[PDB]
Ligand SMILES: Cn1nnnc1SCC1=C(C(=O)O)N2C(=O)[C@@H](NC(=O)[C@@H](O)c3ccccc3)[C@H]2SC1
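In structure tokens, the next block holds one chain alone, the form solved without the ligand.
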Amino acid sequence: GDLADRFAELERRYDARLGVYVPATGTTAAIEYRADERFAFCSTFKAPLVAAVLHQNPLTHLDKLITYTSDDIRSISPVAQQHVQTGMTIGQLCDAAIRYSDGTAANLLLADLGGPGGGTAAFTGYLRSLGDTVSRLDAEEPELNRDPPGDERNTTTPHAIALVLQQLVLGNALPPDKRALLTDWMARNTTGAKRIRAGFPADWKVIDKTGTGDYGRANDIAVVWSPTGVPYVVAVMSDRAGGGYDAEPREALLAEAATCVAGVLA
């Protein structure tokens, strides 16, 4: 259709590979572009990671204090690295993992799921439990960013991650109370002003989880509400693998992709 051609023009203009998935609703068709193609998760996994922790524990667990050392700061950790002396509660870790993409928080929450591979296996299994047979997490931060194009490790697809997020925020994967916490953390995200948010009019609400990696990898997964309160899930994934491991990620690609989506859903 014409929208596919426009996504293709966007890819050509940015010298990038773009993936888009907006699940169909009772009133709207799905928007799909390279939606069954694999893209690195990057920091986007930190949102479903928080859902896994929520899922597996009573809410009182959020008050559990976790201590760690400066040697645990092995990845970009804007919150955790300033709380080595105090520790952080599981809830604070969930907050940081989503709103600041905190990698140490992510690793600690992975550990909290238990089992081999520092909780990476358990994370993947959580996604399996939501019907996702595609996504896989194989390493902790930062080593999960190291995989070259073509390697299936630490990848998802726009389709798979969109349907995960759909079930988590809009569906019944979580009880409404836990769902509200996940939603609130994504709502107050600090990292996403220049991506999906930048492509929707100000009277639309946007909650989201960003990620950035090597090979120009830039993702955003969002739930948006129209001015009338109609929700949609918008997953946008990109890389610029053609330019090499140090290709510049382009936030503006995601904003423009989201603009194209907002045009269809207005």
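We number the residues from 1 along the sequence you see.
A second form of this protein, the form deposited with the ligand bound, is not displayed here; the remarks below concern that form.
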For this session: Give a yes or no on whether each residue among 212, 247 and 251 has a heavy atom within 4.5 Å of the ligand in the deposited complex.
Result: yes
Exercise. Among 84, 139, 134, 76, which has at least one heavy atom within 4.5 Å of the ligand in the deposited complex?
Worked result: 76
Problem set entry | Contact segment among 223 to 231, 26 to 34, 196 to 204, 61 to 69, judged by heavy atoms lying within 4.5 Å of the ligand in the deposited complex | 223 to 231
Exercise. Any of the heavy atoms of residue 170 lying within 4.5 Å of the ligand in the deposited complex?
Worked result: yes
Exercise. Wondering, does residue 183 line up within 4.5 Å of the ligand in the deposited complex on heavy atoms?
Worked result: yes
Problem set entry | the ligand contact in the deposited complex: residue 179, any heavy atom under 4.5 Å | yes
Exercise. Does the 4.5 Å heavy atom contact test between residue 240 and the ligand in the deposited complex come out positive?
Worked result: yes
